[PDB]
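Number of protein chains: 2
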Amino acid sequence: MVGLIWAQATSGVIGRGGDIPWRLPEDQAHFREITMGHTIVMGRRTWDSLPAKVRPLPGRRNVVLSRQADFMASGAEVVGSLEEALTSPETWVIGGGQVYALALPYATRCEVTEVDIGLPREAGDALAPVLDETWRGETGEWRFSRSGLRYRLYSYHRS
Amino acid sequence: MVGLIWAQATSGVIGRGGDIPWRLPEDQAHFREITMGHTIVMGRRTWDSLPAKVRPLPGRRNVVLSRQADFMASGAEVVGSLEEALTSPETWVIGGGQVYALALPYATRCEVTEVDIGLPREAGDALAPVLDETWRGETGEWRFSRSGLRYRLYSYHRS
Ligand SMILES: NC(=O)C1=CN([C@@H]2O[C@H](COP(=O)(O)OP(=O)(O)OC[C@H]3O[C@@H](n4cnc5c(N)ncnc54)[C@H](OP(=O)(O)O)[C@@H]3O)[C@@H](O)[C@H]2O)C=CC1
Ligand SMILES: NC(=O)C1=CN([C@@H]2O[C@H](COP(=O)(O)OP(=O)(O)OC[C@H]3O[C@@H](n4cnc5c(N)ncnc54)[C@H](OP(=O)(O)O)[C@@H]3O)[C@@H](O)[C@H]2O)C=CC1
Ligand SMILES: CC(=O)Nc1ccc(-c2nc(N)nc(N)c2CCC2CC2)cc1
Ligand SMILES: CC(=O)Nc1ccc(-c2nc(N)nc(N)c2CCC2CC2)cc1
Ligand SMILES: [Co+2]
């Protein structure tokens, strides 16, 4: 099974320069709640974005998506295929932009935080998936982060 | 995964006299979208309340949690355990008021429609269970039904 979770600016950006152009403790607990205990899959670059000092994320089955037998994610599992990770019952695709579009076929749910930040689409930006006609959800209430940036939450299901 | 799904009055009422005292098509397409494909678990009263012309719910593993050995539900399994209904990887307890409180201990997700209705809790109503402190979630924003009614959804999570 697959879920996709990501935090995006309005413009669609999920990463820039290997980090995230914001920080939102409202989004952080949201992300911990949904993924705690479940399987988390991330691309290799996302894994690098995790300081070795919060790696792995605690309480979850950390899976790093790479292509070779020659990469070690230390404290995690390194699988050449997406499908090698989906051995558990809930699997959460936690980025970045590749795995998303790679996992979007297997996916029924997208949990999306939309940060109200005016972030023009720069080249090389990692981007949130392209959710076609099929997906359904509705716009949330613009909620106030202590950060001072509006955010809102989205949930999608498709069948 | 064990989810509990219900639509309730702002007083807590989910059913009364073997029927539902309201009608919300937006709820029905939502209830349908959430359960579609999955094991649905219902009480035997819930199962009866469905006219034949809507039995069983299409595209889902209907499981009826009942008590007669000679009880067969045309288009469903009759289990005694809740867990014998909890076989499935995604499992939705769809009612009713007793089956709910039975399952809540094994629930990781509660998914709630709240109809904005002046409905007293009268003896003989079916009600929604009480979500303990393990539960965390967000209060939806009041949307407007083509029935003409304000409703909002609740998603509650505990792990
Ligand atoms: N805002 C948010 O909500 C999120 C933000 N991010 C941000 O996303 C950014 C980076 O994400 P991105 O840049 O898209 O790179 P990824 O995180 O997607 O990692 C990509 C890597 O995964 C491996 N890979 C990709 N496709 C496959 C495949 N089909 N089979 C096997 N292995 C595969 C390769 O690793 P190798 O090269 O070793 O083969 C590739 O380099 C960071 O800034 C991160 O913080 C992260 C998560 C969500
Ligand atoms: N608004 C909504 O979202 C929904 C509303 N409703 C409403 O709820 C009302 C009825 O619900 P309710 O009255 O609570 O009855 P329930 O629907 O909760 O069904 C009660 C069932 O409990 C079963 N049961 C309980 N424990 C066990 C056990 N350990 N082993 C086996 N069977 C068990 C009984 O089986 P047996 O009977 O075989 O002993 C009985 O069928 C109606 O008005 C209905 O329309 C129902 C579903 C959804
Ligand atoms: C900035 C910080 O310190 N922590 C932090 C960073 C990102 C997220 C997050 N949030 C949402 N909504 N979806 C997601 N897929 C992610 C995950 C991204 C990562 C793989 C590591 C939450 C907290
Ligand atoms: C509106 C209409 O005509 N039918 C209708 C009645 C109820 C529900 C519903 N809704 C939520 N949120 N949870 C639920 N478990 C259920 C139903 C469970 C049962 C069938 C008996 C949806 C549509
Ligand atoms: Co589904």
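Sequence order for the protein chains is A and B.
For the first sequence, position 99 (counting from the first letter as 1) is numbered 99 according to the deposited numbering, and the numbering increases by one without interruption.
For the second sequence, position 79 (counting from the first letter as 1) is numbered 79 according to the deposited numbering, and the numbering increases by one without interruption.
Note that CB positions come from ideal geometry on N, CA and C, so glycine has one too.
Keeping to the same chain, check which residues put their C-beta closer than 6 angstroms to that of residue i; ignore five residues upstream and five downstream.
i, result
"residue 216 of chain B", "Outside the shown range of chain B (1 to 159) lies residue 216 of chain B, about which nothing can therefore be said."
"residue 73 of chain A", "47, 64"
"residue 61 of chain B", "39"
"residue 77 of chain A", "63"
"residue 88 of chain B", "39"
In chain A, what lies closer than 8 angstroms to residue i by C-beta?
i, result
"residue 136 of chain B", "33"
"residue 37 of chain B", "159"
"residue 141 of chain B", "140, 141"
"residue 1 of chain B", "89, 90"
"residue 155 of chain B", "155"
Just to check my reading of the structure: residue i and residue j have Cβ atoms closer than 8 angstroms, yes? What is that Cβ distance to the nearest angstrom?
i, j, result
"residue 27 of chain A", "residue 52 of chain A", "That pair is no contact at about 22 angstroms."
"residue 161 of chain B", "residue 159 of chain A", "This structure gives no information on residue 161 of chain B, because the portion of chain B shown stretches from 1 to 159."
"residue 39 of chain A", "residue 90 of chain A", "6 angstroms"
"residue 2 of chain B", "residue 106 of chain B", "5 angstroms"
"residue 109 of chain A", "residue 25 of chain A", "Between residue 25 of chain A and residue 109 of chain A the Cβ distance is about 23 angstroms, and since that is not below 8 angstroms, they are no contact."
"residue 9 of chain A", "residue 115 of chain A", "5 angstroms"
"residue 103 of chain A", "residue 82 of chain A", "6 angstroms"
"residue 56 of chain B", "residue 75 of chain B", "3 angstroms"
In chain order, what residues of the same chain have a beta carbon less than 7 angstroms from the beta carbon of residue i, not counting five sequence neighbours either side?
i, result
"residue 79 of chain A", "63, 65, 85"
"residue 127 of chain A", "12, 13, 14, 97"
"residue 140 of chain A", "152, 153, 154"
"residue 49 of chain B", "18, 19"
"residue 21 of chain B", "119"
"residue 45 of chain B", "18, 96"
According to DSSP, is residue i part of a helix, a strand, or is it coil?
i, result
"residue 13 of chain A", "strand"
"residue 34 of chain A", "helix"
"residue 26 of chain A", "helix"
"residue 68 of chain B", "coil"
"residue 130 of chain B", "coil"
"residue 97 of chain B", "helix"
"residue 6 of chain B", "strand"
"residue 50 of chain B", "coil"
"residue 104 of chain B", "helix"
"residue 44 of chain B", "helix"
"residue 75 of chain A", "coil"
Could you name the residues of the same chain whose beta carbon sits closer than 8 angstroms to that of residue i, not counting the 5 residues immediately before and after it, in chain order?
i, result
"residue 59 of chain B", "36, 37"
"residue 149 of chain B", "22, 24, 115, 116, 117"
"residue 134 of chain B", "158"
Q. Which residues, in chain order, sit with a beta-carbon under 7 angstroms away from any heavy atom of ligand 3?
A. Listed by chain position, these are A/5, A/6, A/7, A/20, A/23, A/27, A/28, A/30, A/31, A/42, A/46, A/49, A/50, A/94, A/95, A/111, A/113.
**Q.** Residues near ligand 5, criterion Cβ-heavy atom distance below 7 angstroms
**A.** Here the residues come out as A/108, A/157, A/159, B/34, B/36, B/37, B/38, B/90.
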